[PDB]
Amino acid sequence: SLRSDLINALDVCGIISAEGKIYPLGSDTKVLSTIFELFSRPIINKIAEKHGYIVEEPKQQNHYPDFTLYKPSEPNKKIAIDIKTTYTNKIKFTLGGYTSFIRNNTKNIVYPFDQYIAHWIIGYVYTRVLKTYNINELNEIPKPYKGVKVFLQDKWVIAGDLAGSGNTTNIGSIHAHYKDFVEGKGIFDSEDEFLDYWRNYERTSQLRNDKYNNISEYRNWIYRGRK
């Protein structure tokens, strides 16, 4: 399938100029996120093409998702792929905001949310370890990571019940080992529960203390009649 294929298809050491000069990579996530993103684009486009899918990136810069795949024939069977990165020296990711397109069908999203039948997360985890180089020195350039693991999984399967960020209201993923994301050992019973829980999550602790702050509390809140 498009899925098993992308998963099968999934060492960068620097940026290069049209004149051959090579600049080394930085050690932070802001840098590795960008790298992994560009590393993945050709892979995604290769596999999508194989399967007759069109790949589309956002024109407005703060729109979800990173990649939108679909066959011009079936407009409502669109797929969303977002690339997430974190490091190790148990990992956790920030999975997008919870007050946007999930609460509002067209808010900050390339196509209306209801046209997307799948929402995949390609996750990269890297283990953390000032001179330009020339093409002939490629093998001596120090890399800013010891290793790199990648996985493809459904967003709902890996989402957790605690916020990933405060002021930028992001969904937190489960806090677990790499295996668990690969295997999909989540906390939510279905994609419907995942969506309901985040559509009703309050922004601050004081506002959540009267509703719920975790999955057990949300279930007891469903019982009380959503009041």
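Just count from 1 along the sequence shown to find any residue number.
According to the entry, are there none, 1 to 3, 4 to 9, or 10 or more residues of the deposited sequence without coordinates between residue 129 and residue 130?
Going from residue 129 to residue 130, the model skips 4 to 9 residues of the deposited sequence.
Unmodelled deposited residues between residue 89 and residue 90: none, 1 to 3, 4 to 9, or 10 or more?
4 to 9 residues are missing.
Look up the CA B-factors in the entry and say which stretch, 66-74 or 193-201, has the higher mean.
Between 66-74 and 193-201, it is 66-74 that shows the higher mean C-alpha B-factor.
Can you tell me which stretch has the higher mean Cα B-factor, 135-143 or 108-116?
In the deposited entry, the stretch with the higher C-alpha B-factor mean is 135-143.
Checking the record values for 180, 37, 56, 161, which has the greatest CA B factor?
Answer, based on the entry's C-alpha B-factors: 180.
Just to confirm, going by the entry's C-alpha B-factors, which of 186, 166, 172, 52 comes out highest?
Of the options given, 186 has the highest CA B-factor in the PDB entry.
Residue 211, C-alpha B-factor rank within chain (lowest, middle or highest third):
CA B-factor rank for residue 211: middle third.
Splitting the chain's C-alpha B-factors into thirds, which one does residue 16 fall into?
For residue 16, whose C-alpha B-factor we compare with every modelled residue in the chain, the answer is the lowest third.
Record-listed C-alpha B factor of residue 83: chain third
It belongs to the lowest third of the chain when residues are ordered by C-alpha B-factor.
Within-chain third of residue 121 by Cα B-factor, per the entry
Answer is lowest: the recorded C-alpha B-factor places it there.
Position of residue 148 among the chain's modelled residues by C-alpha B-factor, lowest, middle or highest third:
Its C-alpha B-factor belongs to the highest third of this chain's values.
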